[PDB]
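Q: Before anything else, here's the structure in question.
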Protein chains: 2
Amino acid sequence: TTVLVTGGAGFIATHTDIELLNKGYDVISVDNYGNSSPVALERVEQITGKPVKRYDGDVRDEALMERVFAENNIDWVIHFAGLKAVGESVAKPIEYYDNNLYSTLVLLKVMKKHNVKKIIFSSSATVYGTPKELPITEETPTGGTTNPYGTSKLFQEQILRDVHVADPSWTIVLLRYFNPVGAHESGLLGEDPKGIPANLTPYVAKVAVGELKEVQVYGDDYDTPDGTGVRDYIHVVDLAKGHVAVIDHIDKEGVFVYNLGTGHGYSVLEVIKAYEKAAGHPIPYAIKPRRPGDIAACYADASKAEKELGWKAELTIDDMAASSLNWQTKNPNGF
Amino acid sequence: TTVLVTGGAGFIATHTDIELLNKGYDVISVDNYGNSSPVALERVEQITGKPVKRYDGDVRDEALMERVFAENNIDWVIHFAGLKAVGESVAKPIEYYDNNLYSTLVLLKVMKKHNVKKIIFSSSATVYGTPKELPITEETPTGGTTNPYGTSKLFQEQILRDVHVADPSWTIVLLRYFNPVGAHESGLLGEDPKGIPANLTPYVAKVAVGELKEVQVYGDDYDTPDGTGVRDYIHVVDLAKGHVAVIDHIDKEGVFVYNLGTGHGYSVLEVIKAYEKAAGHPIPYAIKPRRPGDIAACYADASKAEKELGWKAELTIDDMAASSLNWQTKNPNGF
Ligand SMILES: NC(=O)c1ccc[n+]([C@@H]2O[C@H](COP(=O)([O-])OP(=O)(O)OC[C@H]3O[C@@H](n4cnc5c(N)ncnc54)[C@H](O)[C@@H]3O)[C@@H](O)[C@H]2O)c1
Ligand SMILES: NC(=O)c1ccc[n+]([C@@H]2O[C@H](COP(=O)([O-])OP(=O)(O)OC[C@H]3O[C@@H](n4cnc5c(N)ncnc54)[C@H](O)[C@@H]3O)[C@@H](O)[C@H]2O)c1
Ligand SMILES: CC(=O)N[C@H]1[C@@H](OP(=O)(O)OP(=O)(O)OC[C@H]2O[C@@H](n3ccc(=O)[nH]c3=O)[C@H](O)[C@@H]2O)O[C@H](CO)[C@@H](O)[C@@H]1O
Ligand SMILES: CC(=O)N[C@H]1[C@@H](OP(=O)(O)OP(=O)(O)OC[C@H]2O[C@@H](n3ccc(=O)[nH]c3=O)[C@H](O)[C@@H]2O)O[C@H](CO)[C@@H](O)[C@@H]1O
Ligand SMILES: [Mg+2]
Ligand SMILES: [Mg+2]
Ligand SMILES: [Mg+2]
Ligand SMILES: [Mg+2]
């Protein structure tokens, strides 16, 4: 089984690459390195002892994607390529909608042309907007998205559903990830964005090892116990294993929806404390205004994925923090 | 004032071109002729005695759209370019989403680059899905769209709203048209799709003049008085005049939403009868299965547009039928 992984050198993709390779799948990456390094793929290869076929370019480049599909026999696609910062998406909607919607459309056009009809889409808890209920299940209504990133994810889900309506020989798996954190136990690979991290834990990790000065905590006036945002953090290795479970167990036509989270919700301050326990010292933070697009609280009921895929997130917020900190200590500037 | 009209040689656009030109606006067309003829623009020029600057190509071609904006000083854009058949959209979702979403995104990218920040978007009663109430007002909730075409229109509206959030110096006018029918009184111009018409009235007109054999009536088991679909038909000349009213009266920043319809609902059989009265003979029809994506009944409350734009649709279903039939009699194969 050959798996094309778009955004193949990113955070979640590189952890997924490892887990796929370790189970005997073949892996091809396509990435433009907007938010990652090609070096991450060397580290995948080093950890696993296995190849990643590497293509360099944009998923919106039809000629490139035609070459990828012409040169390889692809069974599954995992579509990670996208821009993903909630706050940034509010200020740059067109950049988000172009990148995120059109990457998907060029991918699907080329897939259809080669009759490759099995896709895992990297969706997001953001599709639930302000959650109609907590914890969130796959029956919780979607919509009321609060930022163009989240909107783009919900739009993409609908586009994929419409593909199956027009051709029900497709297998479409919509994986709504919560908040992945952490690093591969080896410490050879972890979260390495370009520029200042837009997400919480890489920023916290960098402050803890002295690469950044101060954790910026966006809002303390949310309707949560300590007033900061509450999120379901999941170890990126558990999230990676979920992808392998999908491909191991789903070999039928249809549209399948799964929440991938832990069910445990942590506030921003509780994440900071987890890292402080891991580091053995204070991690400086400051309360700042709310970030546009942010909601108060979201966390998952992931029991559907356990039932149908045999999959559960085992790793704890301490494992997440320790592994993150191990990676960032060994690689303070990343790659 | 210079107005770029994308999809500038299509049905609604050519009627709009006339009304804009007759009020002293300058008009540029960009069109790929997927569903229209370049000859329609000669007829615009002939009716008005005024020029249309003609560009030939795809709105998704960034280099073309960059040339259009570099070569002209554009004040307003009216974005008609899209694929628009409900039933077809169900079978060809990706063609619809590519054409419709990416045309809009390339347009907006180029507009932003030249600081042209006034747009009228050709939206659609389809955004209301199965209407939560009748008649439909701009307060009726959107969503529950039943076909990728309608979905694409609702997605585009949200994208445009997100542009204004990121840059509230924009003027965005979302015009939700109901069902335009008819032709310019001259009979020199009218609805001329490529291939068999996908919409009702051009097909009815062609049957009436003997160009097609039999009106295919899609479903007679809807919850409507005669069981066929019910739509708010609006004379295309009234709809064109609505666009001029927007540009005459709206010169401020913001997002503005208007339903453009008559408030009168007609069944498919009542449309056929209107044409039979206009032709003076039976127009053969046959009851066929439901078309995928179709809803039972939609019609407009357009009083918001009357209030704010001084605009109202005056022309009746008889005017629509007579003018359609006048055009199709003089031009049985169109252009
Ligand atoms: N918390 C999370 O990190 C999270 C949660 C839910 C969903 N997701 C989704 O997961 C996917 C991956 O997230 P991630 O955290 O690994 O982010 P990431 O930035 O590390 O990974 C995305 C990769 O895609 C690449 N890329 C982006 N646009 C591209 C394009 N047009 N062509 C080619 N390459 C492109 C980037 O360079 C990057 O390596 C995204 O689609 C994101 O929305 C992420
Ligand atoms: N009942 C209606 O006809 C109706 C009602 C509501 C909304 N609308 C919207 O109005 C617009 C115009 O409708 P119309 O009835 O004039 O249809 P039309 O097909 O006559 O007009 C659209 C024009 O766009 C062109 N076009 C399409 N895609 C293009 C692209 N990518 N680049 C360049 N040209 C392109 C076609 O060749 C055509 O001339 C569409 O966006 C449609 O969804 C139509
Ligand atoms: C860039 C990124 O990885 N975004 C992902 C994250 O969303 P999400 O926006 O929740 O992720 P963040 O890591 O940016 O934010 C987590 C929490 O920390 C706060 N915060 C964040 C950064 C910071 O420097 N300071 C701070 O206080 C936020 O307000 C929020 O309450 O999970 C989603 C699924 O839920 C994914 O779809 C998003 O792609
Ligand atoms: C291709 C086209 O112009 N579609 C437009 C039309 O939708 P809409 O789908 O209503 O337009 P149609 O002209 O296709 O259908 C009108 C009615 O006639 C029926 N029918 C149609 C064709 C036919 O041959 N036989 C028949 O019975 C339909 O089932 C429907 O009840 O108005 C919408 C706004 O409301 C626009 O967004 C759509 O772009
Ligand atoms: Mg908790
Ligand atoms: Mg089980
Ligand atoms: Mg009526
Ligand atoms: Mg008034």
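Numbers here mean position along the shown chain, with the first residue as 1.
Each Cβ is built from the backbone N, Cα and C atoms, and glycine gets one as well.
Copied straight from Swiss-Prot:
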type     : residues                                                                                               : note
ACT_SITE : B:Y149                                                                                                 : active site, proton acceptor
BINDING  : B:11-12, B:31-36, B:58-59, B:80-84, B:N99, B:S124, B:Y149, B:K153, B:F178                              : NAD(+) binding site
BINDING  : B:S124, B:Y149, B:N179, B:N199, B:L200, B:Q216, B:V217, B:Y218, B:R231, B:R291, B:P292, B:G293, B:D294 : substrate binding site
Q: For B:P292 (substrate binding site), which of the recorded positions B:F11, B:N35, B:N99, B:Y149 has the nearest Cα in space?
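A: When the Cα distances are compared, B:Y149 comes out closest.
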Q: Taking Cα atoms as reference points, rank the binding-site residues B:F11, B:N32, B:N35, B:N99 by distance from B:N179 (substrate binding site) and give the first.
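A: Going through B:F11, B:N32, B:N35, B:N99 one by one, the Cα closest to that of B:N179 (substrate binding site) is B:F11.
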Q: Under 8 Å Cβ-Cβ to anything in chain A: which of these binding-site residues pass, B:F11, B:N99, B:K153, B:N179, B:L200?
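A: Cβ contacts with chain A under 8 Å: none.
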Q: Including all protein chains shown, what's the count of other C-beta atoms within 10 A of the C-beta of B:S124 (substrate binding site)?
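A: Summing over all protein chains shown, B:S124 (substrate binding site) has 24 other Cβ atoms within 10 Å.
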Q: Where the record says B:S124, B:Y149, B:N179, B:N199, B:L200, B:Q216, B:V217, B:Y218, B:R231, B:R291, B:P292, B:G293, B:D294 bind substrate, what is the longest distance in Å from one Cα to another among those residues?
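A: This binding site's residues have a maximal Cα-Cα distance of 23 Å.
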Q: Give the distance between the Cα atoms of B:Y149 (active site, proton acceptor) and B:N32 (NAD(+) binding site), rounded to the nearest whole Å.
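A: Distance (Cα to Cα, whole Å): 19 Å.
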Q: At 10 angstroms around each C-beta, which of the binding-site residues B:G82, B:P292 has the fewest other C-beta atoms nearby?
A: B:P292
Q: Whole-number Å only: compute the distance from the Cα of B:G82 (NAD(+) binding site) to the Cα of B:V217 (substrate binding site).
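A: Here the two Cα atoms lie 25 Å apart.
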Q: Take the C-alpha atoms of B:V59 (NAD(+) binding site) and B:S124 (substrate binding site) and report the distance between them in angstrom, rounded.
A: 20
Q: DSSP on B:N32 (NAD(+) binding site), three-state: which is it?
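A: The residue in question, B:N32 (NAD(+) binding site), is coil (DSSP, three-state).
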Q: Rounded to a whole angstrom, what is the C-alpha distance between B:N35 (NAD(+) binding site) and B:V217 (substrate binding site)?
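A: With distance taken Cα to Cα, B:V217 (substrate binding site) is 22 Å from B:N35 (NAD(+) binding site).
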Q: Other than its own, how many Cβ atoms are within 10 Å of the Cβ belonging to B:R231 (substrate binding site)?
A: 26
